[PDB]
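This report refers to the structure that appears directly beneath it.
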Amino acid sequence: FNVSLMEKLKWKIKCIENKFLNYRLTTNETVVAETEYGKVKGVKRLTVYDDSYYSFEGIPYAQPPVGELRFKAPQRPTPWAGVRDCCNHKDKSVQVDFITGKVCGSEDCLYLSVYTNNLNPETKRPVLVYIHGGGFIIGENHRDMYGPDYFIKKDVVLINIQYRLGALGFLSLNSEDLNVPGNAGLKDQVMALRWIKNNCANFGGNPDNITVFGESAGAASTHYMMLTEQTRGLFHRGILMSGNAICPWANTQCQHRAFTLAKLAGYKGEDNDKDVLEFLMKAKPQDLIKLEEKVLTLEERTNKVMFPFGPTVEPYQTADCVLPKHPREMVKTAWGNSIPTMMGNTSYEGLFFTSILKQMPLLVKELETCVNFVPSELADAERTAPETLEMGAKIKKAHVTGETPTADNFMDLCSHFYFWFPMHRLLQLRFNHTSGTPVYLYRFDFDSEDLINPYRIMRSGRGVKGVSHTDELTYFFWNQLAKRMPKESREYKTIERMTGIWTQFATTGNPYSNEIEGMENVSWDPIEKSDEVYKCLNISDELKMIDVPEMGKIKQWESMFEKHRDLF
Ligand SMILES: *B(O)c1cc(Br)cc(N2CCCC2)c1
């Protein structure tokens, strides 16, 4: 699973190019802004499209979670006299670099970045807050991956946050005396959102008009931020891009896995929460993150647990508790059910798993009965119960198109298991607990290899057709693999469309505007509870409202809950 020497060298070359471009697009125009915690100094930067924006990076929203603060809820940062230099980014959270294979980052990572094309707008502006994905184990707010260069064409304030990843963000212990209930990384997000609420006006933002959005684990995070009581009314729109909290990969009960991690790292002693914590508290952070890949058992991997540490139901209550119940239970009471909401997925999500399939062809044989993809809550432990075989058959008829299952059948199935089916479950649960504010659906169906992002390397997608999970990021954010596209190019037009639609929705709670090219004939209605078939804006070279192509398969997955409706 090591990225090729060829791509490692391409990547090293691109990292160097990025350093020089970043320098070249820096200006001498520094500015100072006020915050609750003291003055911050930022700087204007340029874009390759000859735009410019004010950039503040490395604004702390919490105390560095180091030493005794490791694995704990974030605390408010210490204020400062004088001016804090925010003209440079800070480290990303400790994580494995997927190109190099080496551990990178720092425990000192609780920062956010703020961007706008005008620090003194004549009216206060929509504030968009992006939470990055990466399975809660990788990711950053560095502009080599999430550059604001496209968004700042619009009159908005854009904020990109970091939050703790991996075991450092998501360790969880049952022992109440130890104050490690879990979800430290989601609590990081909460404290970032509180900072934004109370400070965005200083950068020209409207604190009464905040939109939180994210993709993949960032979408699950956004959803968590819409579910938890901790954030009630902190913001006003939400966009879930290819994920939510009901996704099987987006939460896990990981309380037993701390001991395993400790033991991988050399711990000698018994499985006792306090002894385990003390060992983990002294370990080098890079040693723990490097070994995180080894934590899951054969059984857990088989049963489709994707990450050893992630969002979890906390075993006891604390003042900072974010997830006191399972996400489905949390939907039934969520304040965020009553704010304008947009959700979507790409047209071939499962293509994302091309790399894993290449290395483990045997996975395709799982579709012979499909029992491993039956939702874990329904399946028996060995996945041999006659009921489990029955449910797996429903899945098999949904995705296997011939006598022998194919790799494409596998990836199609993945689209539904990991993304479309959780979306369906969320929409149906939400309809029974909402003021009635609208939810809009999109389907991202624009395929190009003329402009890409780094995930395409991770998924072995060079020369591969189809719109994978993460392919839409390319049209939202600058990354170091990008380039200036001709303004009449289909790629450039898609950048304008995506940032336009998101800015339009952020502003009004309605993603339609006849000011967007190609939307002239679009009648984009939100989903109603009585709808048997979901309507979505399909985003390709043309913008077209269609019934969701995935609907039939979605209903087939739902039928597995025929005799278990209370679990749907
Ligand atoms: B999104 O943050 C996301 C979803 C899935 Br499913 C899997 C990942 N990974 C797996 C390998 C690294 C990130 C991310």
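FYI, side chains are in, hydrogens and waters are out, and symmetry mates aren't considered; it's all heavy atoms of this structure. Index from 1, following the sequence. As the structure lists them, so they are numbered: ligands from 1, and atoms in each ligand from 1.
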- Task: Give a yes or no on whether the backbone of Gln556 and the side-chain of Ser559 come within a donor-acceptor separation of less than 3.5 Å.
- Result: yes
- Is a donor on one side and an acceptor on the other found under 3.5 Å between the side chain of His399 and the backbone of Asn409? no
- Is there any salt bridge (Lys or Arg N to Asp or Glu O under 4.0 Å) pair reaching into residues 211-223, and which pairs are they, with sequence neighbours excluded? none
- Message: For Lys92, give me all partners under salt bridge (charged side-chain N to carboxylate O under 4.0 Å, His left out), at least two apart in sequence or on another chain.
- Response: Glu140
- Item | Pairs satisfying side-chain hydrogen bond (donor to acceptor under 3.5 Å, both in side chains), at least one member in residues 353-364, at least two apart | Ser355-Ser460
- Between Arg328 and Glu377, is there a side-chain N and carboxylate O pair less than 4.0 Å apart? no
Give every pair made of an N or O atom of ligand 1 and a protein N or O atom lying under 3.5 Å apart, one pair per line with both atom names and the distance to 0.1 Å, or write 'none'.
{"from": "ligand 1", "atom 1": "2 (O)", "to": "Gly134", "atom 2": "N", "distance (Å)": "2.7"}
{"from": "ligand 1", "atom 1": "2 (O)", "to": "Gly135", "atom 2": "N", "distance (Å)": "2.7"}
{"from": "ligand 1", "atom 1": "2 (O)", "to": "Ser216", "atom 2": "OG", "distance (Å)": "2.4"}
{"from": "ligand 1", "atom 1": "2 (O)", "to": "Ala217", "atom 2": "N", "distance (Å)": "2.6"}

